[PDB]
Structure formats: structure tokens, C-alpha cells
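Each chain, written out:
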Amino acid sequence: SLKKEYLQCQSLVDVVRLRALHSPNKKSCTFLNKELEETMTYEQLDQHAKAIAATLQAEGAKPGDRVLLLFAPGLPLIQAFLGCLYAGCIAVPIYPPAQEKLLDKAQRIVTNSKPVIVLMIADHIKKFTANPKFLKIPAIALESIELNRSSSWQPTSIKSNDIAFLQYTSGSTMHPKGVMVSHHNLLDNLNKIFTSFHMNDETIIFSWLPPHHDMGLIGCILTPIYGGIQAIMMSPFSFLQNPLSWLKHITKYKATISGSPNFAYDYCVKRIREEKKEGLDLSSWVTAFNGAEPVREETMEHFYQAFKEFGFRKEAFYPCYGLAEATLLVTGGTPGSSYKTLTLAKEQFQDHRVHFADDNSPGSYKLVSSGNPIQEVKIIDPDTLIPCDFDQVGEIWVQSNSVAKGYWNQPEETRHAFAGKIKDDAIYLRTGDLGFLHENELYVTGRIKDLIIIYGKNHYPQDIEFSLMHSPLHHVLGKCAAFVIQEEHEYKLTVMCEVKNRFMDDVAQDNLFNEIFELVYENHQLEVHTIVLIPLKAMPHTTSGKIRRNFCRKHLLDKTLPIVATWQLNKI
Ligand SMILES: CCCCCCCCCCCC(=O)OP(=O)(O)OC[C@H]1O[C@@H](n2cnc3c(N)ncnc32)[C@H](O)[C@@H]1O
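Bear in mind the residue numbers are our own, running from 1 along each chain as written, so they may not match the entry, and residues with no coordinates are left out. Calculation of side-chain values draws on the structure's entire complement of heavy atoms; hydrogens and water are dropped beforehand. Residues with missing side-chain atoms are left out of burial classes, side-chain pairs and their counts.

The deposited coordinates for this entry were obtained by X-ray crystallography, with a reported resolution of 1.851 Å.

You'll find the chain entered in the PDB entry as Saframycin Mx1 synthetase B, with Legionella pneumophila subsp. pneumophila given as the organism. As deposited in the PDB, this entry carries the title "The crystal structure of fatty acid AMP ligase from Legionella pneumophila".

Here it is as C-alpha cells:
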């Protein structure tokens, strides 16, 4: 980031070490649970990392070995992650395998990455193991690690191109893809983030984002640690239970940067009653980033109208685009500036070119700019491999020192994504994303592959239905079905449930809708957009999820079936 001595460091390990010498008592990370606060300084973070690394070394872990990190959000996850890096080990973070699908995912990650050790908290060695082992991997409770081991740490010779950690992406549920992020990849992107976000020493980051997804890890934890900036955090569970707490904490801690995928702004609008806004002051919040999924004008306008009386300014909104394969940040605008939009015509014909329309012409729709290329971005036709003109839709191809090394132990998939070559032309990351450049700003339009097809091959509908049927929620329900609907230019994950009691009162309905949203988010890392409640026995008898699902999809579309209530995330 800023000071030259830090720019010169060759890994995040040395950045943390040096910060701990220059400013041992500077607050780094704060984690919040309810009204409880725990903070660690740079001196502490460095000492914990050394202690953990010395333990890994004492237990036979070698540079390049993978160490699985099984943690809920919190300071222990962050200590363990740095501790892995200090040992030259490849960190492999995973969500605690609390339910069936999360456990299946963990097993597939273990099989792929073949870690030598797993770290987790003492409580979890009891919950997830029978020398304790988790899925045959020797396990170690982080609490067993004492600070008197710190001085035993032996520095390794970390090279730029060495892999620092694996970040597993969503999708590919059947063969999870572990993106190999090198030490050089990581520092390159951290610098791009610090710079592009105009961070400085007033900056304070707040995050509730999953630390097991790139944005919440690389953006909201590793960047602040790298840049000497406070990270103030809570768990996604805390956010979903009480989204107001996000805005309360931003208020209390005068956070300047905080953000999320687009849905979370709608979730705030939907969940926070006018009277509960009393006490907010969001004037400090100058960069409200919006990335990881399609960015919606309507969402941001709703949020702006809902919070403007409490100091929130629409200019704070900062659309951005990226993916794990490029470490994180690929495009973004200028902080404090108004993001741009374009209005496309209903009819886009077949030329792959963008067809524009007057600012509210019939059937027109708006796309939000994801900002300027920060990594090099080319729009390339995915079939012919010929570059697209501006205002012509093609695949988003990326190149820079932030582009990752491949997928762990998946050589064919790695060639499929990281070896893009332009017809008659460098090597590019092929994102699978479609979009276009207009006046040097990137407009993301969709995915090459049909999202309904993707949901299907990942077994999302069947697995979401399983979750509902196996949660305590099933006690007030009959049968259920989950599916994705494409509905003018957007995709909406839709859940339909029979309810035993068709007179379910408005409060119970609201609670039920929220419980459903939380369940799917936790079990599947997906966001439900629409929930429909219908009477018992309203779905025909069948032993087939597919038949049941097709019936619900078809009769939602008909507008025939009896409906008890509907919930729409993005509607007021
Ligand atoms: C200090 C904070 C700085 C944080 C800077 C954060 C910058 C945003 C980086 C998000 C990292 C990413 O989401 O990871 P992942 O690999 O799981 O999935 C990536 C996929 O998601 C999609 N997608 C992300 N953006 C999108 C956008 N704008 N429009 C539409 N589709 C977007 C794409 O399809 C993409 O391929």
C-alpha cells in the first residue's frame, strides 16, 4: 500500500511482521458477537501467527502442504490463516460442516486438497471428530496452542510464486474448484484494492461477509491487515438475524468502507422498519461496495431512499466486478463518484451487439456499470475467439499479476479457464461471464451458460428441498419445491411451500419467510428471491421431486394455484 518499506515485502507474512514492529499496539481486527467485543493488535496477530506456525512445523507440516481450516467467522480463523502462511503452508478455509450438504462439500474438498492437518476450535473437535481426526485428517484444537511457542517459529523461504491459499468457489458442487492464489497474486490484488478504494489512514472497514468467500476474506480482512487499517467484523448469521445491526455498527464505529452482494441492500430495506432506523448515522460510510452478483439500480435506489434521512448518500455506492480466479477485484469506478447506467432496448436482436433505448422507453431496462478495468479486461467472442467491438457482447477475459495459477489438482479444468488465447494474436483468464465495454466501463450482462442449467447440474433444487424438509421448519409445512425462474433480464431462486395452517398470521408468515431465507443461505450459500406459500395437499401426490417441482413452476406461471402469501426480497 502506502509506505515504501511495506511495498517492498514479498509476502503478506513480512508485511504483518513489519507492521508489528512499527506499530505493535495498533488495532487490527475486531470481532463482534452481540454486544461483545474482541480486538487484536498487530503485535498480537503476529505472535499468534508465529505460535500457530511453530505448532504446524512441530507437527511435521512442510512448505507446500495444505492445512484445512475449519472455523466459523471470528478471530481464530484469522489467526489460523496467517499461521498457515507463516509456516509456508497452503491455507484451505472451509465452512463448518454443520449440515448434510456442507459436510459433503467438506469431504470433496478434503479429497481434492489432501491436507496434512486440520485446525479448528476445541468445541469443534468434539462436535466433528470421534489423536482426533476429521475425515481422516489429524486435527488440532487452536486453543491448545500457547503463545510460549511463538519464539520457536522457523521462517521459511517464501517465494512470490508459491501458493499461499486455496479459495474454493461456489458452483462446481460436484468437483469443487480450489483456486491457487500465490503470494504474488495476493499482494498484487491487495494493492489494487487499497488503491482503487482510495484507502487512507482514516479508513475503517466493517464486514459481516463470509470469510470463506473471496470478498469477505481478501477484501475485508487481508486488505486491511496489509494496509494498516482497522477491520471490524461480525458473522453473516448476525447480519441475517438482525440486518439493522450492520447499519448500527457502521454508525458506532464510523466505518468508511463496507459492502456486500446486491441482495443485502434489498434485505435491509425489506427487514428494517421506519421506526427502527432511529439512531442511525451513515455519513461516515463513503464507499458502499456492491459486487459478487448482478448489481441492480432498483436495489440501490430503494436503499438510498430508505436511508438518506440518516446520512446515507447514493454517491457512496460502488459497483465492482471480480472473481476468485483473478484473486478478487477486476473492475471498479472512482469512489464518491456517481456510478453509471445504460438503458437497453427490450429487443436485442441476434447480432450480439448492444441495442440502446431512451431512458424509459417501453420495455427498456437499465444495466449498472461495474466500473473501469483495474486488471486488464478484454471482451472476446467465446466461440470464434475474435475480439469484440465496444458495445458488443462477448466473454470477459482477464489478464494481470492477480490472475491465479489454476485449480488445485484439476489440470483439464485449469486449461479450460486459464489458457485463453486470442485468434491470431498473451494468455487470459476466461471468466465464463458475458458483458461489454462502453466508454471504458464494464457492463456485465450474464453467464455464457444458462443459470437454470447450472442450478440443475449442481443439484441446488433437490438439495434446498432436502434442507427445508430436514430443518425444524418442516413442522409447520407440507411439501416444498425450489427452482429458478428467469423473469425479464433477471434470475430468481424461488421456494414454494405448503403450509399446514393456511390461516398463518402475518407475523408467523414473516418469521417463516426469514427462517427460510436464513436456512438456504447457511446450507447452500444461495439467496432466495421469492417465497410462495400455498395450502396443504395443494401439490399433487408424487414421490418425485422433479414432478413436484415442475408442477409448481408451471402453476406459478399459470397463476392458477391457490396462494396463501408471497414474499419478494426486492419488493417493498
Ligand atoms: C474492501 C472490499 C473490496 C472488495 C472488492 C470486491 C469486488 C467484486 C469481486 C467479487 C468476487 C466474486 O464474487 O467471487 P466468486 O469467485 O465466488 O464469483 C464470481 C462471480 O460472481 C459474478 N459476479 C461478481 N461480480 C459481478 C457483477 N458486478 N455483476 C454481475 N456478476 C458478478 C460473476 O459471475 C463472477 O464470475
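Colleague: Teacher, can you tell me more about the sheet that holds strand 21 (residues 429-438) here?
Modeller: By way of backbone hydrogen bonds, the strands of a sheet pair with one another, either parallel or antiparallel. An order of 19-20-21-22 is seen for the four strands of this open sheet, with the pairing classed as antiparallel. The open sheet is flanked by strand 19 (376-380) and strand 22 (441-447), the only strands paired with a single partner. Adjacent strand axes in the sheet meet at a mean angle of 50°, parallel and antiparallel pairs treated alike. Where strand 20 (residues 394-399) meets strand 21, four bridges bridge the pair, whose relative direction is antiparallel. For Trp-397, the partnering residue across the bridge sits in strand 21 and is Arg-430. Pairing between strands is defined by DSSP: at least two bridges between the two strands are required. Counting from the N terminus, the helices are DSSP H or I runs at least four residues long and the strands are E runs at least two residues long. Between N-to-C directions, angles cover 0 to 180 degrees, with each direction set by a line fitted to C-alpha atoms, over the stretch in contact for helices.

Colleague: I tried to follow the side chain of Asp-188 on my own but got confused; where do I start?
Modeller: With respect to the helices and strands, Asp-188 occurs in helix 7 (residues 183-196). Partly exposed describes any residue whose relative accessible area lies between the buried limit of under 20% and the exposed limit of over 50%, with all areas from a 1.4 Å probe on protein chains only and scaled to the type maximum. Judged by its relative accessible area of 15%, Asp-188 falls in the buried class. Beyond its immediate chain neighbours, meaning those up to four positions away, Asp-188 contacts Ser-400, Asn-401 and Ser-402. Contacts are assigned to residue pairs with any non-hydrogen atoms lying within 4.5 Å of each other.

Colleague: Teacher, can you tell me more about the pairing of strand 25 (residues 530-535) here?
Modeller: Look at any regular strand and the pattern is simple: side chains alternate between the two faces of the sheet. With six of six residues buried, strand 25 lies mostly within the body of the structure. Of the strand pairs in this sheet, strand 24 (residues 490-499) and strand 25 are connected by six bridges, and their pairing is parallel. Along strand 25, the bridge assignment pairs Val-499 with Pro-535. Looking down the strands as they point away from you, a crossover is right-handed if its path from the first strand over the helix to the second goes clockwise. In this fold, strand 24 hands off to helix 16 (residues 506-524), which returns the chain to strand 25; that crossover is right-handed. Looking at chain direction, strand 25 and strand 26 (residues 565-568) are connected through four bridges and run antiparallel. Paired with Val-532 across the strands is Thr-566, a residue of strand 26.

Colleague: What exactly am I supposed to notice about the site of the ligand here?
Modeller: Residues are labelled near a given molecule or strand when at least one of their non-hydrogen atoms is within 4 Å of it. The local shell around the ligand holds 23 residues, among which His-213, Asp-214, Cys-320, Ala-324 and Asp-433 are the closest. In the environment of the ligand, an oxygen atom lies 2.7 Å from a nitrogen or oxygen atom belonging to the side chain of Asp-433. In isolation the ligand has 790 Å² of accessible area, and contact with the protein removes 92% of it. Note that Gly is not counted as nonpolar here; it falls among the polar residues with everything else outside the nonpolar set of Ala, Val, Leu, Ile, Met, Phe, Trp, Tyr, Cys and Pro and the charged set of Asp, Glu, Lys and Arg. Of the residues belonging to the shell around the ligand, the class tally is 15 nonpolar, four polar and four charged. Contacts described as polar in this section are N or O atom pairs within 3.5 Å, which, within protein, must combine one atom able to donate a hydrogen with one able to accept it, while residues neighboring in sequence count only if both atoms come from side chains. For the accessible areas, the method is Shrake-Rupley and the probe is 1.4 Å, while residue cover comes only from the protein chains on display.

Colleague: Whenever I open this one, the sheet that holds strand 24 confuses me. Can you help?
Modeller: Here four strands make up an open sheet; going across it, the order is 23-24-25-26 and the pairing mixed. Among the strands making up the open sheet, the edge pair consists of strand 23 (477-487) and strand 26. Along the sheet, successive strands turn relative to each other by an average axial angle of 15°, direction set aside. For strand 23 and strand 24, the ladder comprises nine bridges, and the chain directions are antiparallel. Bridged to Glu-487 within strand 24 is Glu-490. Along the sheet, helix 16 makes contact with strand 23, strand 24, strand 25 and strand 26, crossing strand 26 at roughly 50°.

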